[PDB]
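I have placed the structure first, in the form of structure tokens, so that the comments after it can refer back to it.
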Amino acid sequence: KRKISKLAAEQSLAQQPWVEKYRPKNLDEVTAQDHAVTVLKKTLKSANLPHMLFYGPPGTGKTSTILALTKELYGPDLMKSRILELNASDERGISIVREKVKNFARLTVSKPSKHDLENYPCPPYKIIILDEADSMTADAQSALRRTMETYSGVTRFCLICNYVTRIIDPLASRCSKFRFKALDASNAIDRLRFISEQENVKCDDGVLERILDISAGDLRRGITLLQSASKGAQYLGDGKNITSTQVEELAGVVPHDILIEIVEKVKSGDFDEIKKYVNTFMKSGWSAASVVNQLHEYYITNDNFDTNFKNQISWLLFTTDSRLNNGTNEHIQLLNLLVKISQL
Amino acid sequence: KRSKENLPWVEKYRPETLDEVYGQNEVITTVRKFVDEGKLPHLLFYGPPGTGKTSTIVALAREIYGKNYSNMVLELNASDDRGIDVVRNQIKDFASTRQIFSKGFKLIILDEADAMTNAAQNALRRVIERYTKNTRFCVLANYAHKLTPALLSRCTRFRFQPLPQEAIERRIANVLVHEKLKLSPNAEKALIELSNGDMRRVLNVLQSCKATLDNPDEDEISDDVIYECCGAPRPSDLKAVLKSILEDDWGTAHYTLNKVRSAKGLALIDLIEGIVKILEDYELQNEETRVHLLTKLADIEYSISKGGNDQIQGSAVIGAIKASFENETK
Amino acid sequence: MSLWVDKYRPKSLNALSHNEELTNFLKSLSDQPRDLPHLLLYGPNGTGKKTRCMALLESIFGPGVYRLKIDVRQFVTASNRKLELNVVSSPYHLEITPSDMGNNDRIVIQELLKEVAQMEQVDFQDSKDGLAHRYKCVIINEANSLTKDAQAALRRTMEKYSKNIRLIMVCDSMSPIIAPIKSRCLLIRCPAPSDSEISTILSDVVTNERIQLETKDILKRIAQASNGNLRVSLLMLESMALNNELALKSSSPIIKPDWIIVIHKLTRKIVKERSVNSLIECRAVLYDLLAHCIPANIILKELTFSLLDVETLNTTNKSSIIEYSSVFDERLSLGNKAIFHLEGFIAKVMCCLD
Amino acid sequence: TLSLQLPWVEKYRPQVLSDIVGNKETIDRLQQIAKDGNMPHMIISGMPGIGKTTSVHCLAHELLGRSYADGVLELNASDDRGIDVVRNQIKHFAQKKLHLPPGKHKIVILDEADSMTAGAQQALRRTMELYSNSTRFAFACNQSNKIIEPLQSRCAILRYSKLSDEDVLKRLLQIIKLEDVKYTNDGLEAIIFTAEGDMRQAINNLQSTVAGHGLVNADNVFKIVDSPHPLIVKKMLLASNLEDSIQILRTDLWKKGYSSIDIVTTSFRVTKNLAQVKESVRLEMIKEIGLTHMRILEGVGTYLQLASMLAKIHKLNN
Amino acid sequence: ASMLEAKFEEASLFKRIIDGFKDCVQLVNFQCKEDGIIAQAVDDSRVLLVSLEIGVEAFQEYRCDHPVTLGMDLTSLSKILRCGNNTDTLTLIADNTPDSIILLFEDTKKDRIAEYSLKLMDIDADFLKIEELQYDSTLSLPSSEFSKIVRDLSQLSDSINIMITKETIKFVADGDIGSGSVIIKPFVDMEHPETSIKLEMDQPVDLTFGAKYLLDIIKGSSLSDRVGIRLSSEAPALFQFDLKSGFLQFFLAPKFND
DNA sequence: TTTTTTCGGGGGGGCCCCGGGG
DNA sequence: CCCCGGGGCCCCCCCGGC
Ligand SMILES: Nc1ncnc2c1ncn2[C@@H]1O[C@H](COP(=O)(O)OP(=O)(O)OP(O)(O)=S)[C@@H](O)[C@H]1O
Ligand SMILES: Nc1ncnc2c1ncn2[C@@H]1O[C@H](COP(=O)(O)OP(=O)(O)OP(O)(O)=S)[C@@H](O)[C@H]1O
Ligand SMILES: Nc1ncnc2c1ncn2[C@@H]1O[C@H](COP(=O)(O)OP(=O)(O)OP(O)(O)=S)[C@@H](O)[C@H]1O
Ligand SMILES: Nc1nc2c(ncn2[C@@H]2O[C@H](COP(=O)(O)OP(=O)(O)O)[C@@H](O)[C@H]2O)c(=O)[nH]1
Ligand SMILES: [Mg+2]
Ligand SMILES: [Mg+2]
Ligand SMILES: [Mg+2]
């Protein structure tokens, strides 16, 4: 084997996907979570960090925030010995919580080096990070209740989740709660523009705003969309600017003309015509969730429909979205929704 | 573990004596009377989270045994193994042997006993009955349905109510004095409202509010600080959203909801909960209105608990409220 | 020899003959593969998703991606249960179908994939740019069949070890995929080929195989009957050619699968007879269909759409049928015993028809 | 204070069969057996705190006299009762040679026998059959169904019923006279009502009330013993107007610190035992309660879910 | 290797000391100060208290600048100590604010160095003063005979009753299969002053103890050839094994007489 | 007139191998 | 130096509400 020399961390990161390449490295790179980032920064000097429960929708900056906080607190050298990270990729049964987590929590804090004490605050406790904590069973969660309180003097717990309701009430009570807000064009445009400028991506006016609107609160999705658009523009090699239409095509948004055709077919009210059109439409591979979202946007915001129609269609759309969230056949659900709307 | 000032406020302010437990005057008085005259029975403490059960039992242990209580009581919780073998060996040995240090009776505290298996609970029955002359048991629970009837028959039950307002105010005053903090009356009202009778929530939110101030020495905590740190809707926002839903057209209501949410990045669940609380006080002529409101809002809450599309859920809330209130006309 | 569906499968991006825009997008992706993110290709079945994935891999690495071997991996559960996993591997990529382990698929994600993720590549695989390849590709087939726990386990594995591995997932629908996974992947829509493109492919196969054709209308009819499924169209063409001595006539009928015929018979029986005895016989037919590896969801979809094509039913009956189909498809998604839900759907349809 | 007052349930534990109140026929049969002898294999089943263990121990004591220490083997759930124990220790005790009065036998008291495994019960069959000439077996349990049929066939079934309010009042008055307890009729009535036929609960509540307040009246008794929440739930489910049911839920249950899971489980049980309502209506209410219970188990334990459940029940009852 | 440096000339002595009570307790706090090492632990059932003391005469060299507390899991410590040969000196090393303890096995003749590190644990235990009590009876007997008696009686019952009367010590056990009683009397032999049984009685005593705890306690017989038992009504029984410089003590609570 | 899925707990059979005795 | 007793894992089998 020829073998390959080890690759430096800087160049390794430079060749990573944009989502990982531009992950926040310190608490100042988190864009729109000041209501919690300010408190976490104040803990750097207060040195009384409480048990934390970060909860929020996908791609809002929870894992990035906890990693940045741990780094700022301990330093590159002392971080490894002061952190115990367990996620959904590891076994986290009641036995694990009772034995391994408890043993780590009971341990004495690793001694900081002289350099670490000169540079980093080095608080007198370690941190256990239970990422994707909503996947843990109720009994395993209950096994943590007294472990958290007994060893608070040397250990602090951080639980991260998307659905706060899956955390048992005692644990939520024990933890200080931090809700991570959805990232939209009004609070995350600066970070996306910075990323675009750093990558010399040329986009028309409003393209980044359109990407953020399509992402629907997920900045990771927006960054991935921007990277895909940049790759397409580079491959084309024409020097032209990225357009909103290209972003919509990359994001799987149904073209407006197809939506108008669907709306007219629904207005017609003929069952067979709607069925045939939907059969043809599902061959394009459009995601049913996107179609339902676009239909909701078209109908709720239209001024040509009365209050009763909107009241009924809102419930119809809610029911269809709930059924789709369970992993159901898209064709059947979309046909049922369209027929029910047509009968309104 | 350098000093007590490096601890979270929830643990830093844990009561040390029964005199520091607030909002449970009946239970505290009764247990103190039992202890004073040596008439302590087997105890069960049933209550919701963060009401003072563990604190109360630890304070009672200190009252009975003193500063060295930890070596004179057998404390087991969910973080420990409490299987049938443990009951047969460790608890049985502790209950049937004299104290090493003193000559008093022996206390066993089974915290979070609702997490114990049925077999262990059944095994505990004859242990409790046989060694009553020299041993007492204290059980702590949040859910009574997990306790076997045989165990319940053998214990005297005390219910820890959700903390009243006055106890929370007095504890907040103590914390403010200790921390050198200023709290506005409206801020205190909002903190008590959001606490829902849990002291841990009050303490965590107060610590976050202190961390949110630029200069805690002179800056005061206002309702705005509370709402910002907790990221919760203000009463004005809830009132405006409800008024728009109940008095405006669909377009205006949708725009108002979106603008209110986007102004401070509010969560739809908080808006739904606040609107439900507001509507609970409405005097409705027709019961069908209330029935539909409750059912549809519960469905929306359950759907939100599993994720989904936020915009569709908000439109569903608007439509459900409008449709339900359409029945009040006739 | 090999079936015409397999013998003429394209082996490169430049060999693709339909959905040119998707080909251009894939070529753009493969231009600078060093920073390629995780990919999730979603589209209708039998469209060419796996073919395009293999073509993209060939473009990134080279022809060697098609030198495939099969190995067997051992797994042990908490109950000391020995499980076998068939892994399709290449010098540049691995292929896994964790759904083969059912509820144990999590283990495959927790141990196998992680083991590959933690292992850095030390093979000097010189690329076009002149620098050796850095990551190893892993394909997860039928990703929509993964349990929620396995998908949750995939999250930090994807995030932490992106420098060592890149995931390519293929699915018919994204509805069963959890939001965190979709957020972590670049989503690629794979539209079904048009009728003209299917006819062109079929005519190319016909001329390569020297098959007598009376007219080009037979290929159009085959494409129409396939409903945009290219694999089905090719297999149907081969079956028709075999059944007619390699000489297709304008009157040659379209050959349908046995299970399709059984479902059509069941639909006719349901429409004709609506009683409890008919329900018992329908249960027998459903048991027969399920015993021979006919998925419950496929049965429900085919039954619903066959019923909706009946000409005697009116608008109200069809609306009720589609509503019940939606409800019971959700029930199947959230259930274990499929026969229960299928019988409930048939009973509701029988009640509605009367 | 390091002193402990002996509980009255132990200080006044019956020592002879004559001091056991309730189940007159069964106690009379036990007394006749004790006077005569030839005790058969027996299984005693009943609800908690009615005098099963007391009856068995009194019977054994009066039957064996001074030979109680040598001729009685007592095993309960707190002891090890596995297959090895049954096969070795119990068998050895059965085979043990011990001279006894003309009509007495060694007694094995397996208390709380319903917790024994199937294997141990199977192993007991031949031990019981082979050594019946010198050993007899007494089982005490709460659920007789848990005892395997082969063992039930070899035993005499003596089922105990809940004690009537009269027996509870008699025993409470005896204990009060012995202890010189100040009381009022309303206090005793409240104690009996809250006990629900459980003598141990009644005695414990009386002792706790005397210790906490001295005077045993209605006010002090309710201050010690809380109102049974099942009755509150039953009132909630049978309310005429949905507003009244919601008010009960918000004031008597939710604000008193009762968890949603407890409320939903109690609602399920009460609806199951609501003979006043038609069975089909009860089944519909049970379906709705199950939906709400599943939602709570998924983690949505909010008051809104309970309010929605009450609204749906009200719609069903309309 | 600055604050605490304590060298056992024989590495087997520390292993024996740890093995004497490793089956009784798991988490132990060792307090090291200028005059030596002390340790106190309470069993999980809180029925047995173990107290170890080692003076500075037991070390070839010993240096401690300030008092240091080391919380250790005895299972891990025993595992580490099992990796040392009997011909190697054993140095215990600890620094300021320590998170670990270093055990260094040296074989100068073979020039072999074996260094191990054991992570410390945070144990919130305050040394509880074992107040001296004027016991009613105090006896001393060879450890081997006591171990044999305890092992023989443990086969019959889970409880052993010790009765101290004028000129007599009686150990009784009663169980399912039968009973046993061993009676000994104070005996002195000047020829061999190691098999002698000594007794000093002020008030006769009768105390019952769990057999498992006595079985655990007798494991200290490998440290001393004699064991001293101090018994007094209304007080824990003290079992002491004397080392060259220090001792190992077990305080065992009697069973309630009811 | 016959015969299925999962954790966690508990039980019970089967070795394995250290220690101690001869 | 070799055999025997008995602690400790390892593996598998069955329950689960009132
Ligand atoms: N607040 C943010 N500021 C800057 N970048 C962000 C932010 N949130 C997300 N991102 C970007 O998206 C990527 C993923 O962010 P994450 O911290 O992993 O989100 P997440 O909330 O942990 O996702 P989940 O809950 O596991 S689905 C980061 O590397 C960033 O590049
Ligand atoms: N009555 C109270 N008075 C003062 N502080 C209280 C009180 N109750 C709870 N707290 C505060 O909240 C913290 C936790 O109290 P706990 O006694 O642990 O409540 P708990 O009921 O035992 O919680 P669970 O049942 O384990 S979820 C205490 O350290 C106090 O700081
Ligand atoms: N019939 C009774 N007469 C007098 N006292 C009784 C009677 N029943 C119960 N008690 C009293 O309550 C105490 C407990 O009675 P038990 O005999 O233990 O009830 P039990 O049937 O064994 O309960 P379970 O099934 O083991 S939970 C006795 O010591 C008595 O003091
Ligand atoms: N001539 C031609 N055949 C294709 C093309 N794409 C797919 N196919 C054929 O269609 C068959 C099925 O495609 P497949 O990759 O299995 O679709 P999937 O089920 O969505 O992954 C393949 O065996 C190919 O032979 C194409 O672009 N050109
Ligand atoms: Mg994350
Ligand atoms: Mg507690
Ligand atoms: Mg009993």
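Order of appearance sets the numbers: ligands from 1, and atoms from 1 within every ligand. Within every chain, numbering begins at 1; the chains are lettered A, B, ... in the order of the sequence lines, protein sequences first and strands thereafter.
Using a 4.0 Å cut-off to heavy atoms of B:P49, the atoms of ligand 2 that qualify are 27 (S). Ligand-side atoms of ligand 2 in range of B:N142: 25 (O), range being under 4.0 angstrom from any heavy atom. Of all the atoms in ligand 2, the ones that sit under 4.0 Å from a non-hydrogen atom of B:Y13 are 31 (O). Short contacts between ligand 2 and B:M199, defined as distances under 4.0 Å to a heavy atom of the residue, involve ligand atoms 3 (N), 4 (C), 5 (N), 6 (C), 9 (C), 10 (N), 11 (C). With ligand atoms numbered from 1 in the order given, ligand 2 contributes 1 (N) to contacts under 4.0 Å with heavy atoms of B:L163. Per-residue contacts place B:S55 under 4.0 angstrom from the following atoms of ligand 2 (heavy atoms of the residue considered): 15 (O), 16 (P), 17 (O), 28 (C). Atoms of ligand 2 lying under 4.0 Å from at least one heavy atom of B:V21, given by number and element, are 1 (N). Counting the atoms of ligand 2 from 1 in the order shown, those under 4.0 Å from a heavy atom of B:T54 are 17 (O), 18 (O), 22 (O).
Between B:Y22 and ligand 2, at least one N/O pair is under 3.5 Å apart. The shortest N/O to N/O separation between B:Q24 and ligand 2 does not fall below 3.5 Å. Considering backbone and side-chain atoms together, B:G52 places an N or O closer than 3.5 Å to an N or O of ligand 2.
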(request) Show your reasoning for whether side-chain hydrogen bond (donor to acceptor under 3.5 Å, both in side chains) applies to D:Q207 and D:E179. (result) CA-CA 10 Å; D:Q207 197 177 13; D:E179 282 292 323; over 6 Å; no

(message) Could you walk me through whether B:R200 and A:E149 satisfy the salt bridge (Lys or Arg N to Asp or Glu O under 4.0 Å) test, starting with their C-alpha distance in whole Å, then the side-chain angles of each, then the deciding distance to 0.1 Å, before giving a yes or no?
(response) CA-CA 12 Å; B:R200 272 196 281 252; A:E149 294 185 311; 2.9 Å; yes

(request) Would you check, one step at a time, whether the test side chain to side chain contact (heavy atoms under 4.5 Å, CB included) holds for D:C141 with D:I44? (result) CA-CA 6 Å; D:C141 64; D:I44 289 166; over 6 Å; no

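Residues satisfying the side chain to side chain donor-acceptor pair (under 3.5 Å) test with B:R170, not counting sequence neighbours, are none.
Heavy atoms only, all atoms of each residue included: B:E20 and B:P15 are closest at OE1-CA, 3.6 Å. Between D:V221 and D:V216, the closest heavy-atom pair is CG2-CG1, 4.0 Å. Taking both residues in full, the closest heavy atoms of B:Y46 and D:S259 are given as OH-N, 3.4 Å, listed atom of the first, atom of the second, then distance. The two residues A:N48 and B:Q207 make their nearest non-hydrogen contact at O-NE2, 3.1 Å.
Between B:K12 and B:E179, at least one side-chain nitrogen of the basic residue sits less than 4.0 Å from a carboxylate oxygen of the acidic one, meeting the salt-bridge criterion. With respect to B:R88 and D:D79, no salt bridge is recorded, no charged nitrogen being found less than 4.0 Å from a carboxylate O.
Under 4.0 angstrom from ligand 2, the non-hydrogen atoms of B:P15 all belong to its side chain.
Look at A:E149 and you'll find a heavy atom under 4.0 Å from some atom of ligand 2. Not a single heavy atom of B:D198 sits less than 4.0 Å from an atom of ligand 2. In this structure, B:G50 counts as a contact residue of ligand 2, since one of its heavy atoms falls inside 4.0 Å of the ligand. Ligand 2 does not have B:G23 within reach: every non-hydrogen atom of the residue lies 4.0 Å or more from it.
Rounded to the nearest 0.5 angstrom, B:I57 CD1 and B:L43 CG are separated by 6.5 Å.
Classified by interplanar angle (parallel below 30°, tilted 30° to 60°, perpendicular above 60°), the ring pair D:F137/D:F139 is parallel.
Within 6.0 Å of NZ in B:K133 there are 12 or fewer heavy atoms belonging to other residues, nucleotides or ligands. Within 6.0 Å of the CZ atom in B:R130, the count of heavy atoms belonging to other residues, nucleotides or ligands does not exceed 12. Counting heavy atoms of neighbouring residues, nucleotides and ligands inside a 6.0 Å radius, atom CZ of A:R98 exceeds 12 of them.
Residue pairs meeting the ring pair (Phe, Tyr, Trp, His ring centres under 6.0 Å) criterion with at least one member in residues 137-158 of chain B: none, sequence neighbours excluded.
Counting heavy atoms from C-beta outward, B:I28 and B:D19 have side chains that stay 4.5 Å or more apart.
Excluding waters, the protein N/O/S atoms found under 2.8 Å from the Mg ion (ligand 7) are D:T53 OG1.
Near ligand 3, residues B:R125, B:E129, B:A150, B:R154, D:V9, D:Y12, D:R13, D:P14, D:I20, D:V21, D:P48, D:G49, D:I50, D:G51, D:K52, D:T53, D:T54, D:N142, D:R171, D:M199, D:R200 come within 4.0 angstrom through at least one heavy atom.
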